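Colleague: Mind having a look at this structure? Questions to follow.
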Amino acid sequence: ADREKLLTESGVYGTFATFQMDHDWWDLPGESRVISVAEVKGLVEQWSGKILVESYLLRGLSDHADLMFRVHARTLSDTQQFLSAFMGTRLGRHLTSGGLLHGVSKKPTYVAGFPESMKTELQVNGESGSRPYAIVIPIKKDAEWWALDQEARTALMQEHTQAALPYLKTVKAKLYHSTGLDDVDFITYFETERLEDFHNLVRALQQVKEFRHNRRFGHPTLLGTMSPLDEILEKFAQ
Amino acid sequence: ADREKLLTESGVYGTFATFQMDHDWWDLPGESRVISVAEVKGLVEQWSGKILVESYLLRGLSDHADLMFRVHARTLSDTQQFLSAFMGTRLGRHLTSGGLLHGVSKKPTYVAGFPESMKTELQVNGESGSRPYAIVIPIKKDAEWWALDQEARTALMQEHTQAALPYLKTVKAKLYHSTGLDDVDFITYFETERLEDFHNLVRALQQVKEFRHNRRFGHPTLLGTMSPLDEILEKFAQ
Amino acid sequence: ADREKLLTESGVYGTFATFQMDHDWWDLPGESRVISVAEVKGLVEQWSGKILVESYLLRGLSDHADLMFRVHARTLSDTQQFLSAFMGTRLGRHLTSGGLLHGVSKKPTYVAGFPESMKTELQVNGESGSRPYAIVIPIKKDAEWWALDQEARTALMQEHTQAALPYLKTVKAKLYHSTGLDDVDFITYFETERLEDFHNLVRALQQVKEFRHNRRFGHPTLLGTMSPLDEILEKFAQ
Amino acid sequence: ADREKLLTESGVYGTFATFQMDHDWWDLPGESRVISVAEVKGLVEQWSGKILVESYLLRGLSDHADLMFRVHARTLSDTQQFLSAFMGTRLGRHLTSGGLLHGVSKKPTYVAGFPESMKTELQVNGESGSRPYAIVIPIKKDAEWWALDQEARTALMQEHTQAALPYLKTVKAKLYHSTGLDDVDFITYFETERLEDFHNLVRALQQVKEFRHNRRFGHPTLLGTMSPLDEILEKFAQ
Amino acid sequence: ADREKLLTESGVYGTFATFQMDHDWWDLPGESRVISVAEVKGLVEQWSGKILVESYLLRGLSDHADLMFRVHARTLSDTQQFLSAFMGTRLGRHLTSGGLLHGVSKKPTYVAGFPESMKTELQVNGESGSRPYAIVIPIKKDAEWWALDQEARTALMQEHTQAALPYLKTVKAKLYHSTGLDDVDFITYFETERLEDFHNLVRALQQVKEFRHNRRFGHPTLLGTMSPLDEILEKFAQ
Ligand code: HEM
Ligand code: HEM
Ligand code: HEM
Ligand code: HEM
Ligand code: HEM
C-alpha cells in the first residue's frame, strides 16, 4: 500500500524530470539499444524500495522532449541519487536533460475555510483511468498575491475551486509546493482521458480573478501520454 | 469526403510541427537520400486512414526552419504516434524538431451575436487556390481579455471581424483553440496567393482595440509555401 | 534599368538574410573552398534574371554574423527558391543561417501631408557612394502607436522627418513594410560613408516623441561594409 | 584556523561557478577518467594555500548543471587563475561552464540599527551539519529599493530578519555583495538538512514588503548536495 | 605619442570584442599551439601602425568568455579588417566570438555646465596602475531620458559626477558613445586595482536618480584582468 502513501500523503517530494534523445543514439545498433533498455529497467527496479517512478511519452506532444519521469521520494537525496544513476546508464549517456522541477505535497491551506458542500464535492472521487494524457504546468505567483491577507486569498481560492468543480469527474489534479527549490512556486499536474475537458477547465479558470496573479504560467507546458517505462523505452530500441 | 470533415468540422485536433535539416544530412550520398524520401512518403500513406497531413516549405522564408506539417487528427494520440514514427525514419533522424503547437477546432463563440449581414459575408466563399503562401501566428491573450464579460468580448470581436471582411476574398483563415495544450491560447493559420493583402489585413487589424489584448503575437511568425510532400522532400534529395 | 526598378519602385519585396561560417569550413582545403566560391558566384548569376542580390561583410562588425544578403524580388517565392538553392551549395552547407526578415516597399503614407518645402528637401538627392557602411535596424511599434488617428501619426512623422533632414546628404535610408511577414513592423536600412553622422542621426531622432513608440528597436542592429560578393567570398577561400 | 577566516571574515571574495559534463566525456575509457580525476584532485591541493574550494553535486537537482564550486579568495585574480587552470585540466576540457557569479563578504549594513534582542538571536548559533543540501539564489533589487533612505531600508530589513528568525536553527545563511562584478546585487547561499524548512523560510519571507523589491530572483535557483570533491568526481569516473 | 592620442582624443572609435576557446583547441599538440600564438602575436604587430589593441584575461572571471580585446582605430573599417584577419589565424579558427560592441569617444556634453570646482576635481589625475582589473558595462537609456531637456540632463549628470568623485583616485573611467552602431547607447569601461572600490562606486551611483533611466545595464557585465597579449596567449599554449 506504501505506493499509494507516496502518491497521496503529505511530506512527500515530487520531482519532474524531462529528457530528449540525442541523434547519435540511433547510430547505435538495435542490439546494443535493447541491452541498454534492460539496464535502465533494472536500475528502476533496484530503487523500487526507496522511490516510485512513473514515465510519460512526451515525444510528438511536447516540444524538444521525448521522456518525462515523475518521481516520488521522501528525500531529494534519494531522487538525486536515482536521477544521477539514470543519467549514467548507457541510455542516459545519450540523453539531453531538459527541465527539472521539485515540490513537496502538503496538507491544504484554504480548503478548511470553504463551505461544507464544496468540501464534500472535493472528496467525491474524480478521474481515474489507465494510460491518460498528462499535463504539467509550472506556476509562479506575482508579488500582489503574497501581499493579500489570508481571508482574501481564501476567497479567491474558493472562486478557483468553484470554477473547477464540474471538471473533477474527468480531470485529476495534483499540486506540489515548489517555492525555494527552483524558480517557481507551484508545479501543477493533471491526468485526463479527454484533452478537450482539460482545455475547457483552463478556460473556465481564466475567468477567475486569482488566475491573473500568475506572473508565470507554463514555459513549458508539458503534454504527454502516461505509460509503463518498458513500452516507452522499447519504442526507442527499434 | 472525410478529408474535408477533418479540415472543416469541429472536434478535430490540429497540430503544427516544425523541422530543420541537419548539416550532416548532406554528408549522405544522393542515393541514400532518395531512398529515405521513399520511406517518409510511404509512412504518410500508411497513416492516410487515421490522419491528414499537409506540408509546407519554410526553407528560405522562416528563420531556422525548413519544413512544417499541419496535421489533422481526432485524437492527439494518433498525431503523437505519427510524429514519433516520422522522427524515427532515416530522414527524421537527421532533422531537428523546432516548434510544436496543438489546438482543437470549435464551433464559433461570438458569430451568432453578430448582425445578419455580417453573418452572410462570413459565409460567402473566400480564397481557395493551389500552392498558396501559408502563415501561422500563435497568440496568447492578456489577463484583461478574460476579465471582460461576454457582451464586451462579442463587441470587440465584431470589430475585429469588420476590419477583416474586405480580405475574405484573398485570404483564407482558420482558428485553433489551444489553451492548456501548450503555452498559447490560439493558433491562427492563413492561406493567400498575395502576401501584400495579408500584410494589409494585419495592418487593418492593428487598429482595432482587441488587437492590443494580444500579450504574445508570433515568436515565431511562420511563413512558407504550401506544396505536396514529394516536391519538398525531392528538393532535399538532390 | 530594371535593376533600379527593383531598388526604388513600390510592390518589390526586400529580404535580409544573415549567415555565419562554421568552424569546420576551414578544415576544408583552400582548393575546394575556391571551387565552392565559384559555385555560389554562378548560382547568383543564374538568378540575375528574376532577383537582385547584394552582399555585405558583417564579419568583425556584427556579432555572430559573417555575411548578409539584401535580396530584391517581386515574389517571396523567388527569394525562397534562391536562398534555399544558396543554402544547398557546398559553401551554404557549411553556413549557419542567422536571422531572416522580409518587407515590401510601399508608396509613402504620410509624406503627402507634409509641407511643400519639406517635400522638396526629401526629393533633393542624398548620399550615394561606393562601398558604404550599411546598417539594418528592425522595428516593432507599440500598441499606442496604432491607437493614434492618422492626423496624430502624420504630425509625429513630420517631426521625425524634420529631425532627420540635415542627415539626407550623408545618410541614405530605405524603409520596408514588414508586419505579418515576421515578428516586426518595419525593416530600416541605411548606407553611409561616415558612421559618426549616422550615430548623430539616431541621437537626433531619440529626441522626437514618435521614437518612444518603438517597443522593439534592433536586436539585432546589423552593421557591415557593402561590397561585391566575389570580394567577400574570396576572403573566405584563403 | 585561516580556513574559517575565509568563510566568516569580511573582505573575502566568494565565487560561485557552475559546470555541466559533455556527452563525449563518457566516450573516454574509465581508465583515463580516473586519471583525470587525480589531476583535478591534485590541482585543488596545490591551491589550498591561497584559496578554499568547496564542491556541490548539482546533477539531478539543478537543471543543466552537474557540479558547482564555491570558492573563497582574497583576490579574484587568484580565483581566476584557479578556475582557468581547472578548466584546462583534461576533465575541465570536457566540461561546459554554466553560470559564474562573484561577491564580497561585508560587515553588516543594518544589523546595528536592530533591537538588542534581535541582535542576540542573530548571534545564537544556527544550523551546522555535514553534507547538507545547499541553495544559491542570485538577487537584483529594483530601482525603488535604492530610492529609499537608510531609515526606510533598515525598517524593511528588520521585518525581513524577523520573518526569518525561527529558521536560524535549521537553515544557515550567507550573503555576498555582488553589485558591479556581474548582473546582480546579491548572491544568497544556504545550507540545510531539511529542504521543507527552507521552503517554509522562503514562504515566510514572501510576506514581507522588502521581498517585492526583488526585480530578479533566481534564474537560476541552484539546488545541490554538499560533498567532498573526490566523491563527486569519483562518481564521474565509473 | 600617437598611442596616447588614440587612448584620449575625440573621434577615435573603440571596439570591444570577446572570445571563447573551443574544446578541440586542446586536442592540438602544444607544439602547434605555440606556433599559433606566434602568428597572432605577429599579426598584431603588423597592425601596430593603424590601430592599438589591448588584451584582457576574462577566463575565470566572466562567464562564457576567455579573452577580450579593446581596439582603438580611426575607422571601423580598419577594426573590421583586423578582427577578421585575427579570426582567420589558426588560433582564431578555434575561437568562438562572443559579443561585439563599438562606440566613438567624444568631447563631453555636460561637463562645461558643471561648477568650476567640480571641473577641477575631474581634471586631477585618477587611477593609473599596471595590470589592473578591467570592467565593461554596456548601457541603454530609457525613452524618458531623451524626453528631458538639456538643463534637466545636465543637472542629473552633475549628480552622477558628484556621487562618483570620491572614486576618481582608485577607479579610471572611459565612456564610448555607441548609439546606432549596435543595440546600446553607451559602453562604459573601467580600470582598478581594488574591486571593492569599484563595487562601492556603483553602489554610490545606484542612489542617484539618473541611474534608474538605464533600461539596460550589463548583460553582460564583463570582468577581467588586463595584461600583455603574450602572457594571455602563452597560458593557452601549455
Ligand atoms: C481539476 C480541477 C481543479 C481543482 C478541483 C482545483 C482545486 C484547487 C484547490 C482546492 C486548491 C487549494 C489548495 C490548498 O488549499 O492548499 C487549488 C490550488 C491551486 N490550483 Fe487548482 N484546482 C483545479 C485545477 C487547476 C488548474 C487547471 C490549475 C492551473 C493550471 C490550477 C492551479 C492551482 C494553483 C497554482 C494552486 C495554488 C494557489 C495557492 O495556493 O496560492 N488548479 N486548486
Ligand atoms: C481573414 C479575415 C479574418 C476574419 C474574417 C476573422 C474573423 C474572426 C472571427 C469571426 C473570429 C471569432 C471566432 C469565434 O466566434 O470564436 C475570430 C477570432 C479570432 N481571430 Fe480572426 N479573422 C480574420 C483574420 C484574423 C487574423 C489575421 C488574426 C491574427 C493574426 C486573427 C486572430 C484571431 C484571434 C486570436 C481570434 C480569437 C479571438 C478570441 O476568441 O479571443 N483573425 N476571427
Ligand atoms: C535619412 C534620415 C531619415 C529620413 C529622411 C527619414 C524619413 C522618414 C519618412 C518621410 C518616413 C515616413 C514615410 C512614409 O510616409 O511612409 C519615415 C518613416 C519611418 N522611419 Fe524614417 N527617416 C530617416 C531615418 C530613420 C532612422 C535612423 C530610423 C530608425 C533607425 C527611422 C525609422 C523609421 C520608421 C520605423 C518609419 C515608419 C514609421 C511608420 O510609418 O509608422 N528613420 N522616415
Ligand atoms: C534565517 C535566514 C535569514 C536570515 C537570518 C536573514 C537575515 C538577514 C539580515 C540580518 C540581513 C541584513 C544584512 C545587513 O544588515 O547588512 C539580510 C540581508 C539580506 N537577505 Fe536575508 N535572511 C535570511 C534568509 C534570507 C533568504 C531566504 C533570502 C532570499 C532568498 C534573503 C535575502 C537577503 C538579501 C537579498 C539581503 C540584502 C538586503 C539588502 O541589503 O538590500 N535572506 N538577511
Ligand atoms: C569615477 C567614476 C565616474 C565618474 C567620475 C563619472 C563621470 C561621468 C561624467 C562627467 C559624465 C558626463 C560626460 C559628458 O558630458 O558626456 C559621465 C557620463 C556617464 N557615465 Fe559616468 N562616471 C563615473 C562612473 C560611472 C559608472 C560606474 C557608470 C556605469 C557603470 C557610469 C555611466 C555613465 C553613463 C552611461 C554616462 C553617459 C550619460 C549620458 O550622457 O547620457 N559612470 N560620467
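Please note: Cβ atoms are built from the backbone with ideal geometry, for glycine as well, and neighbour counts cover all protein chains shown. Throughout, read-outs are computed from the coordinates displayed, never taken from laboratory work.
Colleague: If we count every other residue with Cβ under 14 angstrom of B:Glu159's Cβ, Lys/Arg +1 and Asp/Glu -1, where does the sum land?
Modeller: +1
Colleague: Hey, with R₀ at 56 Å, roughly what FRET efficiency would A:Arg194 and E:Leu175 work out to, going by the Cβ-Cβ distance, to 0.05?
Modeller: Here the calculated transfer efficiency is 0.35.
Colleague: Round to the nearest 10 and give me the degree value, 0 to 90, for the angle of helix A:30-46's Cα axis relative to the longest principal axis of chain A.
Modeller: Taking the Cα atoms of chain A, the angle to A:30-46 is about 50 degrees.
Colleague: Continuing with this model, one more query. Mind checking the mean number of beta-carbon atoms from other chains within 10 Å of the Cβ atoms in D:149-159?
Modeller: Taking all residues of D:149-159 together, the mean is 0.
Colleague: Moving on. Calculate for chain A the 222 nm mean residue ellipticity that helices alone would give, adding -39,500 (n - 2.57) per DSSP H run of length 4 or more and normalising by residue count, nearest 500 deg cm²/dmol.
Modeller: That calculation yields -11000 deg cm²/dmol at 222 nm.
Colleague: Rounded to whole Hz and in sequence order, give me ³J(HN,Hα) for region C:208-225 from the Karplus expression 6.51 cos²θ - 1.76 cosθ + 1.60, θ = phi - 60°, writing x for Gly and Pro.
Modeller: Ordered by residue, 3J(HN,Hα) equals 6, 4, 3, 5, 8, 8, 8, 3, 9, 8, x, 6, x, 9, 9, 10, x, 10 Hz.
Colleague: A further question on this structure: Would you grab the residues whose amide H sits under 5 Å from the one on B:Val171? Only those 5+ places off in sequence or on another chain, please, with H modelled 1.01 Å from N.
Modeller: Amide H neighbours of B:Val171: B:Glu127.
Colleague: Regarding the protein assembly as shown, what's the average projected area of the Cα-atom convex hull, expressed in nm²?
Modeller: Averaging across all directions leaves 48.7 nm² for the Cα convex hull.
Colleague: If the viscosity is 1.306 mPa s and the temperature 10 °C, what Stokes-Einstein diffusion coefficient in µm²/s follows for region A:143-238 when Rh is the Kirkwood radius over Cα pairs?
Modeller: For these conditions, the coefficient is 101 µm²/s.
Colleague: Anything over 31 Å Cα to Cα? Flag those among B:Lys172/B:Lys209; A:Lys141/B:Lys119; A:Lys141/C:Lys140; A:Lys174/B:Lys141; A:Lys172/D:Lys174; B:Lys140/C:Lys174, in the order listed.
Modeller: Those over the limit are A:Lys141/B:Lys119; A:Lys172/D:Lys174; B:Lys140/C:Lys174.
Colleague: Could you line up C:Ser178, B:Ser55 from fewest to most neighbouring Cβ atoms inside 10 Å?
Modeller: Sorted ascending by nearby Cβ count, the order is B:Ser55, C:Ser178.
Colleague: How many angstrom lie between the C-alpha centres of region A:1-46 and region C:115-132?
Modeller: The two parts, judged by their Cα centres, are 67 Å apart.
Colleague: To the nearest whole number, what is the average tally of beta carbon atoms from other chains within 10 Å of the beta carbons of peptide B:198-210?
Modeller: Mean shielding by partner chains, rounded to a whole number: 4.
Colleague: Under a point spin-label approximation (7 Å from Cα along Cα-to-Cβ), what is the C:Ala112-C:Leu165 distance to one decimal in nm?
Modeller: 2.2 nm
Colleague: Please give me the summed charge of the neighbours of C:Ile232: other residues whose Cβ is under 14 Å from its Cβ, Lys and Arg +1, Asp and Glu -1.
Modeller: Overall, the nearby charge balance is +1.
Colleague: If you don't mind, there's one more thing I want to ask. Evaluate the charge dipole of region E:86-138 about its Cα centre and quote only its size in Debye, nearest 20, assuming +1 on the Cβ of each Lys and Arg and -1 on the Cβ of each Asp and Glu.
Modeller: 400 debye
Colleague: May I pose another question? Mind computing the radius of gyration and Dmax over the alpha-carbon atoms of region E:1-75? Å is fine for both.
Modeller: Looking at region E:1-75, its Cα Rg and Dmax stand at 14.9, 45 Å.
Colleague: Among rounded, prolate and oblate, which fits chain A when a ≥ b ≥ c are the square roots of the eigenvalues of its C-alpha gyration tensor, a/c under 1.5 means rounded, and a/b larger than b/c means prolate?
Modeller: prolate
Colleague: Between C:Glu121 and C:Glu54, how many nm apart are label points set 7 Å from Cα along the C-beta direction?
Modeller: With each label point 7 Å from Cα toward Cβ, the separation is 2.5 nm.
Colleague: Could you list the residues of region B:72-107 with an amide nitrogen less than 17 Å from a label point located 7 Å from the Cα of A:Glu231 in the Cα-to-C-beta direction?
Modeller: Zone members listed by number: B:75-85.
Colleague: What is the order of B:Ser36, C:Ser105, A:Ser62, fewest Cβ neighbours within 10 Å to most?
Modeller: Neighbour counts put them in this order, fewest first: C:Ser105, B:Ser36, A:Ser62.
Colleague: Measure off 7 Å from each Cα along the Cα-to-Cβ vector at B:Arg131 and D:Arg215, then give the distance between these two points in nanometres to one decimal.
Modeller: Rounded to a tenth, the inter-label distance reads 5.4 nm.
Colleague: Most exposed first by the Cβ proxy, i.e. fewest other Cβ within 10 Å, how do D:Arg153, A:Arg215 rank?
Modeller: By the 10 Å Cβ count, ascending, the order reads A:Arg215, D:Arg153.
Colleague: How well do other chains shield peptide C:124-135, expressed as the mean number of their Cβ atoms within 10 Å of each residue Cβ?
Modeller: 1
Colleague: Would you work out the charge dipole size for chain B about its Cα centre, treating the Cβ of every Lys and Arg as +1 and the Cβ of every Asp and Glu as -1, and quote it to the nearest 20 debye?
Modeller: It works out to roughly 320 debye.
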